[PDB]
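For reference, coords30.csv is printed below; it contains CSV, N, CA and C atoms and all ligand atoms.
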chain,number,residue,atom,x,y,z
Z,1,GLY,N,-6.3,-6.5,4.5
Z,1,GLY,CA,-5.4,-6.2,3.4
Z,1,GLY,C,-3.9,-6.4,3.8
Z,2,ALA,N,-3.0,-6.6,2.8
Z,2,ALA,CA,-1.6,-6.9,3.2
Z,2,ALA,C,-1.0,-5.7,3.9
Z,3,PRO,N,-1.2,-4.4,3.5
Z,3,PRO,CA,-0.8,-3.2,4.2
Z,3,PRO,C,-1.2,-3.2,5.7
Z,4,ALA,N,-2.5,-3.4,5.9
Z,4,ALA,CA,-3.1,-3.5,7.2
Z,4,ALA,C,-2.4,-4.6,8.1
Z,5,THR,N,-2.1,-5.8,7.6
Z,5,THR,CA,-1.4,-6.8,8.3
Z,5,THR,C,0.0,-6.2,8.7
Z,6,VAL,N,0.6,-5.4,7.8
Z,6,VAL,CA,1.9,-4.8,8.2
Z,6,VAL,C,1.8,-3.8,9.3
Z,7,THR,N,0.7,-3.0,9.3
Z,7,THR,CA,0.6,-1.8,10.1
Z,7,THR,C,0.4,-2.2,11.6
Z,8,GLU,N,-0.3,-3.4,11.7
Z,8,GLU,CA,-0.8,-3.8,13.1
Z,8,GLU,C,0.4,-4.7,13.7
Z,9,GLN,N,0.8,-5.7,13.0
Z,9,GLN,CA,1.8,-6.6,13.6
Z,9,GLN,C,3.3,-6.4,13.1
Z,10,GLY,N,3.5,-5.6,12.0
Z,10,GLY,CA,4.8,-5.6,11.3
Z,10,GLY,C,6.0,-5.2,12.2
Z,11,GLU,N,7.2,-5.6,11.9
Z,11,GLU,CA,8.4,-5.3,12.6
Z,11,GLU,C,9.0,-4.0,12.3
Z,12,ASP,N,9.3,-3.1,13.2
Z,12,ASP,CA,9.9,-1.8,12.9
Z,12,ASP,C,11.4,-2.0,12.7
Z,13,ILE,N,11.9,-1.8,11.5
Z,13,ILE,CA,13.3,-2.1,11.2
Z,13,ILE,C,14.1,-0.8,11.1
Z,14,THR,N,13.6,0.3,11.4
Z,14,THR,CA,14.4,1.6,11.4
Z,14,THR,C,15.3,1.6,12.6
Z,15,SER,N,16.4,2.4,12.5
Z,15,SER,CA,17.3,2.6,13.6
Z,15,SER,C,16.7,3.4,14.7
Z,16,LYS,N,16.0,4.5,14.3
Z,16,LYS,CA,15.4,5.5,15.1
Z,16,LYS,C,14.1,4.9,15.8
Z,17,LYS,N,13.6,3.7,15.3
Z,17,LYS,CA,12.4,3.1,15.8
Z,17,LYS,C,11.2,4.1,15.8
Z,18,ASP,N,11.0,4.7,14.6
Z,18,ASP,CA,10.0,5.6,14.4
Z,18,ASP,C,8.9,5.0,13.5
Z,19,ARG,N,8.9,3.7,13.2
Z,19,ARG,CA,7.9,3.0,12.5
Z,19,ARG,C,7.9,3.4,11.0
Z,20,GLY,N,8.9,4.0,10.5
Z,20,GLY,CA,8.9,4.5,9.1
Z,20,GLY,C,9.1,3.4,8.0
Z,21,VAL,N,9.6,2.3,8.4
Z,21,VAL,CA,9.7,1.1,7.6
Z,21,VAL,C,9.3,-0.1,8.5
Z,22,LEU,N,8.2,-0.8,8.1
Z,22,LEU,CA,7.7,-2.0,8.8
Z,22,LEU,C,7.8,-3.1,7.8
Z,23,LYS,N,8.1,-4.3,8.4
Z,23,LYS,CA,8.4,-5.5,7.6
Z,23,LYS,C,7.6,-6.7,8.2
Z,24,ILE,N,7.0,-7.5,7.3
Z,24,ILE,CA,6.5,-8.8,7.7
Z,24,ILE,C,7.2,-9.7,6.8
Z,25,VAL,N,7.9,-10.7,7.3
Z,25,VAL,CA,8.3,-11.9,6.6
Z,25,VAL,C,7.1,-12.6,6.1
Z,26,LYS,N,6.9,-12.9,4.9
Z,26,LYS,CA,5.8,-13.7,4.4
Z,26,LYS,C,6.2,-15.1,4.1
Z,27,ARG,N,7.4,-15.3,3.6
Z,27,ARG,CA,8.1,-16.6,3.4
Z,27,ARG,C,9.5,-16.5,4.0
Z,28,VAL,N,9.8,-17.4,4.9
Z,28,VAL,CA,11.2,-17.5,5.4
Z,28,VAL,C,12.1,-18.1,4.3
Z,29,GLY,N,13.2,-17.5,4.1
Z,29,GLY,CA,14.3,-18.0,3.2
Z,29,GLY,C,15.2,-19.0,3.8
Z,30,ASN,N,16.5,-18.9,3.6
Z,30,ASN,CA,17.5,-19.9,4.0
Z,30,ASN,C,18.6,-19.3,4.9
Z,31,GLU,N,22.5,-15.3,6.3
Z,31,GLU,CA,23.3,-14.3,5.6
Z,31,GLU,C,22.4,-13.3,4.9
Z,32,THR,N,22.6,-12.0,5.1
Z,32,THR,CA,21.9,-10.9,4.5
Z,32,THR,C,22.9,-10.0,3.8
Z,33,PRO,N,22.5,-9.3,2.7
Z,33,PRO,CA,23.5,-8.6,1.9
Z,33,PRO,C,24.2,-7.4,2.5
Z,34,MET,N,25.4,-7.1,2.1
Z,34,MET,CA,26.3,-6.1,2.5
Z,34,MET,C,26.2,-4.9,1.6
Z,35,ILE,N,26.5,-3.7,2.2
Z,35,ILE,CA,26.5,-2.5,1.4
Z,35,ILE,C,27.4,-2.7,0.2
Z,36,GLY,N,27.0,-2.2,-1.0
Z,36,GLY,CA,27.7,-2.4,-2.2
Z,36,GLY,C,27.4,-3.7,-3.0
Z,37,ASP,N,26.8,-4.7,-2.3
Z,37,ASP,CA,26.5,-5.9,-3.0
Z,37,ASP,C,25.4,-5.7,-4.1
Z,38,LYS,N,25.5,-6.5,-5.1
Z,38,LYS,CA,24.5,-6.5,-6.2
Z,38,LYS,C,23.3,-7.3,-5.8
Z,39,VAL,N,22.1,-6.7,-5.9
Z,39,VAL,CA,21.0,-7.4,-5.4
Z,39,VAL,C,20.0,-7.7,-6.5
Z,40,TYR,N,19.3,-8.9,-6.4
Z,40,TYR,CA,18.4,-9.4,-7.4
Z,40,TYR,C,17.0,-9.6,-6.8
Z,41,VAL,N,16.0,-8.8,-7.1
Z,41,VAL,CA,14.7,-9.0,-6.5
Z,41,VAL,C,13.6,-9.1,-7.5
Z,42,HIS,N,12.5,-9.8,-7.2
Z,42,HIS,CA,11.2,-9.6,-7.7
Z,42,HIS,C,10.4,-8.7,-6.7
Z,43,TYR,N,9.7,-7.7,-7.2
Z,43,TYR,CA,8.9,-6.8,-6.4
Z,43,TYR,C,7.6,-6.4,-7.1
Z,44,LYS,N,6.6,-6.1,-6.2
Z,44,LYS,CA,5.4,-5.4,-6.7
Z,44,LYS,C,5.3,-4.2,-5.7
Z,45,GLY,N,4.9,-3.1,-6.1
Z,45,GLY,CA,4.7,-2.0,-5.2
Z,45,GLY,C,3.4,-1.2,-5.6
Z,46,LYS,N,3.0,-0.3,-4.6
Z,46,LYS,CA,1.8,0.5,-4.8
Z,46,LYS,C,1.8,1.6,-3.8
Z,47,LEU,N,1.0,2.7,-4.1
Z,47,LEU,CA,0.8,3.8,-3.3
Z,47,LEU,C,-0.3,3.4,-2.4
Z,48,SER,N,-0.3,4.0,-1.2
Z,48,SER,CA,-1.3,3.8,-0.2
Z,48,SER,C,-2.7,4.2,-0.7
Z,49,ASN,N,-2.7,5.3,-1.5
Z,49,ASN,CA,-4.0,5.8,-2.1
Z,49,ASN,C,-4.6,4.9,-3.1
Z,50,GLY,N,-3.9,3.8,-3.5
Z,50,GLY,CA,-4.5,2.8,-4.4
Z,50,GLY,C,-4.5,3.3,-5.9
Z,51,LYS,N,-3.8,4.3,-6.2
Z,51,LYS,CA,-4.0,5.0,-7.5
Z,51,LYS,C,-2.9,4.6,-8.5
Z,52,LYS,N,-1.8,4.0,-8.0
Z,52,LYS,CA,-0.6,3.6,-8.9
Z,52,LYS,C,0.0,2.3,-8.4
Z,53,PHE,N,0.3,1.5,-9.4
Z,53,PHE,CA,1.0,0.2,-9.1
Z,53,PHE,C,2.2,0.0,-10.0
Z,54,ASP,N,3.1,-0.9,-9.6
Z,54,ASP,CA,4.3,-1.2,-10.4
Z,54,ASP,C,4.8,-2.6,-10.1
Z,55,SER,N,5.2,-3.3,-11.1
Z,55,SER,CA,5.7,-4.7,-10.8
Z,55,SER,C,7.0,-5.0,-11.6
Z,56,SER,N,8.0,-5.6,-11.0
Z,56,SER,CA,9.1,-6.1,-11.8
Z,56,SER,C,8.6,-7.1,-12.8
Z,57,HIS,N,7.6,-7.9,-12.5
Z,57,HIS,CA,7.0,-8.9,-13.4
Z,57,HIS,C,6.5,-8.2,-14.7
Z,58,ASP,N,6.4,-6.9,-14.7
Z,58,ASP,CA,6.1,-6.2,-15.9
Z,58,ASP,C,7.3,-6.4,-16.9
Z,59,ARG,N,8.5,-6.2,-16.5
Z,59,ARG,CA,9.7,-6.4,-17.3
Z,59,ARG,C,9.9,-7.9,-17.5
Z,60,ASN,N,9.2,-8.8,-16.8
Z,60,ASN,CA,9.3,-10.3,-16.8
Z,60,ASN,C,10.7,-10.6,-16.4
Z,61,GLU,N,11.3,-9.9,-15.4
Z,61,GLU,CA,12.7,-10.2,-15.0
Z,61,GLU,C,13.0,-9.7,-13.6
Z,62,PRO,N,14.2,-9.9,-13.1
Z,62,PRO,CA,14.6,-9.3,-11.8
Z,62,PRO,C,14.9,-7.8,-11.9
Z,63,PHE,N,14.6,-7.1,-10.8
Z,63,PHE,CA,15.1,-5.8,-10.6
Z,63,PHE,C,16.5,-5.9,-9.9
Z,64,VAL,N,17.5,-5.2,-10.3
Z,64,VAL,CA,18.8,-5.2,-9.9
Z,64,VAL,C,19.3,-3.8,-9.5
Z,65,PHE,N,19.9,-3.6,-8.3
Z,65,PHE,CA,20.5,-2.4,-7.9
Z,65,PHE,C,21.7,-2.7,-6.9
Z,66,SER,N,22.6,-1.7,-6.6
Z,66,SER,CA,23.7,-1.9,-5.7
Z,66,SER,C,23.3,-1.4,-4.3
Z,67,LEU,N,23.4,-2.2,-3.3
Z,67,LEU,CA,22.8,-2.0,-2.0
Z,67,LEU,C,23.5,-0.8,-1.4
Z,68,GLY,N,22.7,0.1,-0.8
Z,68,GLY,CA,23.2,1.1,0.2
Z,68,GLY,C,23.9,2.3,-0.5
Z,69,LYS,N,23.7,2.4,-1.8
Z,69,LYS,CA,24.4,3.4,-2.6
Z,69,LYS,C,23.4,4.5,-3.0
Z,70,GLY,N,22.2,4.6,-2.3
Z,70,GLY,CA,21.2,5.6,-2.6
Z,70,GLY,C,20.6,5.5,-4.0
Z,71,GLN,N,20.7,4.4,-4.7
Z,71,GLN,CA,20.1,4.3,-6.1
Z,71,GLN,C,18.6,4.0,-5.9
Z,72,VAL,N,18.1,3.5,-4.8
Z,72,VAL,CA,16.7,3.4,-4.5
Z,72,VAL,C,16.3,4.2,-3.2
Z,73,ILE,N,15.0,4.3,-2.9
Z,73,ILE,CA,14.6,4.9,-1.7
Z,73,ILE,C,15.3,4.2,-0.5
Z,74,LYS,N,15.4,5.0,0.6
Z,74,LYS,CA,16.1,4.6,1.8
Z,74,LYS,C,15.5,3.3,2.4
Z,75,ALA,N,14.2,3.2,2.3
Z,75,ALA,CA,13.5,2.0,2.8
Z,75,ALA,C,14.0,0.7,2.2
Z,76,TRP,N,14.3,0.8,0.9
Z,76,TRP,CA,14.8,-0.4,0.2
Z,76,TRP,C,16.2,-0.7,0.7
Z,77,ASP,N,17.1,0.3,0.8
Z,77,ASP,CA,18.4,0.0,1.3
Z,77,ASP,C,18.4,-0.6,2.6
Z,78,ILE,N,17.6,-0.1,3.5
Z,78,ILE,CA,17.4,-0.6,4.9
Z,78,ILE,C,16.7,-2.0,4.8
Z,79,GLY,N,15.6,-2.1,4.0
Z,79,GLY,CA,14.7,-3.3,4.1
Z,79,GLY,C,15.3,-4.5,3.4
Z,80,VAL,N,15.8,-4.4,2.2
Z,80,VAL,CA,16.5,-5.5,1.5
Z,80,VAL,C,17.7,-5.9,2.3
Z,81,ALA,N,18.4,-5.0,3.0
Z,81,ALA,CA,19.6,-5.5,3.8
Z,81,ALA,C,19.2,-6.4,4.9
Z,82,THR,N,17.9,-6.5,5.3
Z,82,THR,CA,17.4,-7.3,6.4
Z,82,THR,C,17.0,-8.7,5.8
Z,83,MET,N,17.1,-8.9,4.5
Z,83,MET,CA,16.4,-10.1,4.0
Z,83,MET,C,17.5,-11.2,3.7
Z,84,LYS,N,17.0,-12.4,3.8
Z,84,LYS,CA,17.9,-13.6,3.4
Z,84,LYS,C,17.4,-14.1,2.0
Z,85,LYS,N,18.3,-14.8,1.4
Z,85,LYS,CA,18.0,-15.5,0.1
Z,85,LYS,C,16.8,-16.4,0.2
Z,86,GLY,N,15.8,-16.2,-0.7
Z,86,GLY,CA,14.6,-16.9,-0.7
Z,86,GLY,C,13.4,-16.2,0.0
Z,87,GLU,N,13.8,-15.1,0.8
Z,87,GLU,CA,12.8,-14.5,1.6
Z,87,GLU,C,11.8,-13.7,0.8
Z,88,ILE,N,10.5,-13.7,1.2
Z,88,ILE,CA,9.6,-12.8,0.7
Z,88,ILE,C,9.1,-12.0,1.9
Z,89,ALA,N,9.1,-10.6,1.7
Z,89,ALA,CA,8.7,-9.7,2.7
Z,89,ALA,C,7.8,-8.7,2.2
Z,90,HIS,N,6.9,-8.2,3.0
Z,90,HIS,CA,6.2,-7.0,2.7
Z,90,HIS,C,6.8,-5.8,3.5
Z,91,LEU,N,6.8,-4.7,2.9
Z,91,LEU,CA,7.3,-3.4,3.5
Z,91,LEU,C,6.2,-2.4,3.4
Z,92,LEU,N,6.0,-1.8,4.6
Z,92,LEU,CA,5.1,-0.6,4.6
Z,92,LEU,C,6.0,0.6,5.0
Z,93,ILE,N,6.0,1.7,4.2
Z,93,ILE,CA,7.0,2.8,4.2
Z,93,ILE,C,6.3,4.1,4.3
Z,94,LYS,N,6.6,4.9,5.4
Z,94,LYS,CA,6.2,6.3,5.6
Z,94,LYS,C,7.0,7.1,4.6
Z,95,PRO,N,6.5,8.4,4.3
Z,95,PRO,CA,7.2,9.2,3.4
Z,95,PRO,C,8.7,9.6,3.7
Z,96,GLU,N,9.0,9.6,5.0
Z,96,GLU,CA,10.4,10.0,5.4
Z,96,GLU,C,11.4,9.0,4.8
Z,97,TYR,N,11.0,7.8,4.6
Z,97,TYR,CA,11.9,6.8,4.0
Z,97,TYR,C,11.6,6.5,2.5
Z,98,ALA,N,10.8,7.3,1.9
Z,98,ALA,CA,10.5,7.2,0.5
Z,98,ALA,C,10.7,8.6,-0.1
Z,99,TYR,N,9.6,9.3,-0.5
Z,99,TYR,CA,9.8,10.5,-1.3
Z,99,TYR,C,9.5,11.8,-0.5
Z,100,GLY,N,9.3,11.7,0.8
Z,100,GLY,CA,9.2,12.9,1.7
Z,100,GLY,C,8.1,13.8,1.3
Z,101,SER,N,8.2,15.1,1.8
Z,101,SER,CA,7.2,16.1,1.6
Z,101,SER,C,7.2,16.5,0.1
Z,102,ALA,N,8.4,16.5,-0.5
Z,102,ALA,CA,8.4,17.0,-1.9
Z,102,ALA,C,7.7,16.0,-2.8
Z,103,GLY,N,7.8,14.7,-2.5
Z,103,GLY,CA,7.2,13.7,-3.4
Z,103,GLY,C,8.0,13.7,-4.7
Z,104,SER,N,7.4,13.0,-5.7
Z,104,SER,CA,8.1,12.8,-7.0
Z,104,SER,C,7.0,13.0,-8.1
Z,105,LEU,N,6.7,14.3,-8.3
Z,105,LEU,CA,5.5,14.7,-8.8
Z,105,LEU,C,5.5,14.5,-10.3
Z,106,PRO,N,4.4,14.1,-10.9
Z,106,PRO,CA,3.2,13.6,-10.2
Z,106,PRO,C,3.2,12.1,-9.8
Z,107,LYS,N,4.2,11.4,-10.2
Z,107,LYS,CA,4.4,9.9,-10.0
Z,107,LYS,C,4.0,9.5,-8.6
Z,108,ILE,N,4.7,10.1,-7.6
Z,108,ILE,CA,4.5,9.8,-6.2
Z,108,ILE,C,4.0,11.2,-5.6
Z,109,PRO,N,2.8,11.2,-5.0
Z,109,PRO,CA,2.3,12.5,-4.4
Z,109,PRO,C,3.2,12.8,-3.2
Z,110,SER,N,3.0,14.0,-2.8
Z,110,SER,CA,3.5,14.6,-1.6
Z,110,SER,C,3.1,13.8,-0.4
Z,111,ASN,N,4.1,13.5,0.5
Z,111,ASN,CA,3.8,12.7,1.7
Z,111,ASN,C,3.1,11.4,1.5
Z,112,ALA,N,3.6,10.6,0.5
Z,112,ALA,CA,2.9,9.4,0.1
Z,112,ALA,C,3.5,8.2,1.0
Z,113,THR,N,2.6,7.3,1.4
Z,113,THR,CA,3.0,6.0,2.0
Z,113,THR,C,3.1,5.0,0.9
Z,114,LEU,N,4.1,4.1,0.9
Z,114,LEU,CA,4.2,3.1,-0.1
Z,114,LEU,C,4.2,1.7,0.6
Z,115,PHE,N,3.8,0.7,-0.3
Z,115,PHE,CA,3.9,-0.7,0.1
Z,115,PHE,C,4.5,-1.5,-1.0
Z,116,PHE,N,5.4,-2.4,-0.6
Z,116,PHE,CA,6.0,-3.3,-1.5
Z,116,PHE,C,6.0,-4.8,-1.0
Z,117,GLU,N,5.9,-5.7,-2.0
Z,117,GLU,CA,6.2,-7.0,-1.8
Z,117,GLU,C,7.6,-7.3,-2.5
Z,118,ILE,N,8.5,-7.9,-1.8
Z,118,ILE,CA,9.9,-8.1,-2.3
Z,118,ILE,C,10.3,-9.6,-2.0
Z,119,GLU,N,10.8,-10.2,-3.1
Z,119,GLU,CA,11.4,-11.5,-3.0
Z,119,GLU,C,12.8,-11.4,-3.3
Z,120,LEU,N,13.7,-11.7,-2.3
Z,120,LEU,CA,15.1,-11.6,-2.5
Z,120,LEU,C,15.6,-12.9,-3.1
Z,121,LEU,N,16.0,-12.8,-4.4
Z,121,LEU,CA,16.3,-13.9,-5.2
Z,121,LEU,C,17.8,-14.3,-4.9
Z,122,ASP,N,18.7,-13.3,-4.8
Z,122,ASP,CA,20.1,-13.6,-4.8
Z,122,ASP,C,20.9,-12.3,-4.4
Z,123,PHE,N,22.2,-12.4,-4.2
Z,123,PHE,CA,23.0,-11.2,-4.1
Z,123,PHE,C,24.5,-11.4,-4.3
Z,124,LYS,N,25.1,-10.8,-5.3
Z,124,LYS,CA,26.5,-11.0,-5.6
Z,124,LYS,C,27.3,-9.8,-5.0
Z,125,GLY,N,28.7,-9.9,-5.1
Z,125,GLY,CA,29.6,-8.9,-4.6
Z,125,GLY,C,30.1,-7.9,-5.7
Z,126,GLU,N,30.6,-6.8,-5.3
Z,126,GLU,CA,31.4,-5.9,-6.1
Z,126,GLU,C,32.6,-6.7,-6.7
Z,201,LIG,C1,9.7,7.7,-8.8
Z,201,LIG,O1,10.0,6.9,-9.9
Z,201,LIG,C2,9.7,5.6,-10.0
Z,201,LIG,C3,9.2,4.9,-8.8
Z,201,LIG,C4,8.9,3.5,-9.0
Z,201,LIG,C5,9.0,2.9,-10.2
Z,201,LIG,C6,9.5,3.6,-11.3
Z,201,LIG,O2,9.6,3.0,-12.5
Z,201,LIG,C7,9.3,1.7,-12.7
Z,201,LIG,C8,9.8,4.9,-11.2
Z,201,LIG,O3,10.3,5.7,-12.2
Z,201,LIG,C9,11.5,5.3,-12.9
Z,201,LIG,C10,12.7,5.7,-12.0
Z,201,LIG,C11,13.5,4.5,-11.5
Z,201,LIG,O4,14.8,4.2,-11.8
Z,201,LIG,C12,13.9,4.6,-10.0
Z,201,LIG,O5,14.7,5.8,-9.8
Z,201,LIG,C13,12.8,4.8,-9.0
Z,201,LIG,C14,13.3,4.6,-7.6
Z,201,LIG,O6,12.3,3.6,-7.1
Z,201,LIG,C15,12.6,3.2,-5.9
Z,201,LIG,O7,13.5,3.4,-5.3
Z,201,LIG,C16,11.4,2.2,-5.5
Z,201,LIG,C17,12.0,0.9,-5.0
Z,201,LIG,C18,12.5,0.1,-6.3
Z,201,LIG,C19,11.3,-0.1,-7.2
Z,201,LIG,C20,10.8,1.2,-7.7
Z,201,LIG,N1,10.5,2.1,-6.6
Z,201,LIG,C21,9.4,2.9,-6.7
Z,201,LIG,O8,9.2,3.9,-5.8
Z,201,LIG,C22,8.4,2.8,-7.8
Z,201,LIG,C23,7.0,3.3,-7.4
Z,201,LIG,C24,6.3,2.4,-6.3
Z,201,LIG,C25,4.9,2.9,-6.0
Z,201,LIG,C26,4.1,2.8,-7.2
Z,201,LIG,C27,4.6,3.7,-8.2
Z,201,LIG,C28,6.1,3.4,-8.6
Starting from the file, lay out its structure as structure tokens.
Amino acid sequence: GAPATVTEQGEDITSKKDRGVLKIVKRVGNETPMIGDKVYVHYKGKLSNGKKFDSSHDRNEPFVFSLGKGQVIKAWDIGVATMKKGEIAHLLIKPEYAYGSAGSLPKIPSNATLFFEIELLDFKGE
């Protein structure tokens, strides 16, 4: 499974090196975005328990947020900042970099591990 591939070989991109955010490049792109930059991605995500999914392709469009401004979970602010234009990466994320012990009830259970596929389409400035 894609999660498994991440857990065994994936790159630890956390500062603390605690394996809370792991990354596999699936496609190499072609500069990575700065804090405050406007980011454009396609993503799919899911809970480790296999009980919930979500995809940008549902909106049939890109997901957009401002990098590093805590508008998304910490894993994204860290993860997307490591990506180049064109890149597709998988991220496997422990709760400490997502919704923690409190979770986001009932959407995200307590202590949930998450997985995302992210394609970095572009990124503009403030
Ligand atoms: C916890 O709430 C959601 C989580 C997710 C998707 C949602 O809606 C499509 C959610 O409810 C709407 C709130 C959104 O504005 C945003 O605040 C969520 C922040 O989400 C994130 O930071 C991350 C990264 C960006 C994509 C969304 N993602 C999520 O955690 C999804 C989860 C992913 C696991 C499957 C369930 C939804």
Next item on the list: List every residue of chain Z that DSSP, applied to the backbone, labels as alpha helix (DSSP H), and write the result as a list in words.
Entry: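 Alpha helix (DSSP H) assignments inside chain Z correspond to residues 2, 3, 4, 5, 6, 7, 8, 9, 74, 75, 76, 77, 78, 79, 80 and 81 of chain Z.
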Check: For ligand LIG 201 (chain Z), which of Z:3, Z:29, Z:10, Z:103 is the closest residue, counting only C-alpha atoms and all ligand atoms?
Finding: Z:103
Next item on the list: Name the closest residue to residue 75 of chain Z among the candidates Z:20, Z:4, Z:27, Z:56; distances are taken between atoms, counting all atoms listed in the file.
Entry: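 Distance minimum relative to residue 75 of chain Z lands on Z:20.
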Notebook entry, point to check: Using only N, CA and C atoms and all ligand atoms, which protein or nucleic acid residues are at most 7 Å from ligand LIG 201 (chain Z), as a list in words?
Noted result: residues 44, 45, 46, 47, 52, 53, 54, 55, 71, 72, 73, 74, 76, 104, 107, 108, 114 and 115 of chain Z
Next item on the list: Find the residue from Z:126, Z:117, Z:58, Z:37 that sits nearest to residue 92 of chain Z; use only N, CA and C atoms when measuring.
Entry: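 Of the candidates, the smallest distance to residue 92 of chain Z is held by Z:117.
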Notebook entry, point to check: What is the atom CA of residue 64 of chain Z-atom C of residue 95 of chain Z distance in Å, reported with one decimal?
Noted result: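 Atom CA of residue 64 of chain Z sits 22.5 Å away from atom C of residue 95 of chain Z.
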Notebook entry, point to check: Using only N, CA and C atoms, which residue out of Z:123, Z:57, Z:116, Z:12 lies closest to residue 90 of chain Z?
Noted result: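 Under the stated criterion, the closest residue is Z:116.
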Margin query: Taking the DSSP secondary structure from the backbone, can you list the residues of chain Z that are strand (DSSP E), as a PyMOL selection string?
Written below: chain Z and resi 11-12+21-27+38-47+53-55+63-66+88-93+114-124
Next item on the list: Give me, please, the distance in Å between atom CA of residue 113 of chain Z and atom N of residue 94 of chain Z, quoted to one decimal.
Entry: 5.1 Å
Notebook entry, point to check: If you measure from atom CA of residue 88 of chain Z to atom CA of residue 118 of chain Z, what distance in Å do you get, rounded to one decimal?
Noted result: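 Computing the Euclidean distance for atom CA of residue 88 of chain Z and atom CA of residue 118 of chain Z yields 5.6 Å.
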Next item on the list: Extract, using all atoms listed in the file, all DNA, RNA and protein residues at most 8 Å from residue 9 of chain Z, discarding same-chain residues fewer than 6 positions from it, and format them as a ChimeraX atom specification.
Entry: /Z:3,22-24
Margin query: Considering only N, CA and C atoms, can you say which of Z:13, Z:121, Z:21, Z:39 comes closest to residue 91 of chain Z?
Written below: Z:21
Margin query: I need every residue sitting at most 6.5 Å from the point (20.5, -10.4, -9.6) (coordinates as in the file, all atoms listed in the file considered), written as a ChimeraX atom specification.
Written below: /Z:38-41,62-64,122-124
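Across Z:14, Z:59, Z:31, Z:26, the tightest approach to residue 84 of chain Z is made by Z:31 when counting all atoms listed in the file.
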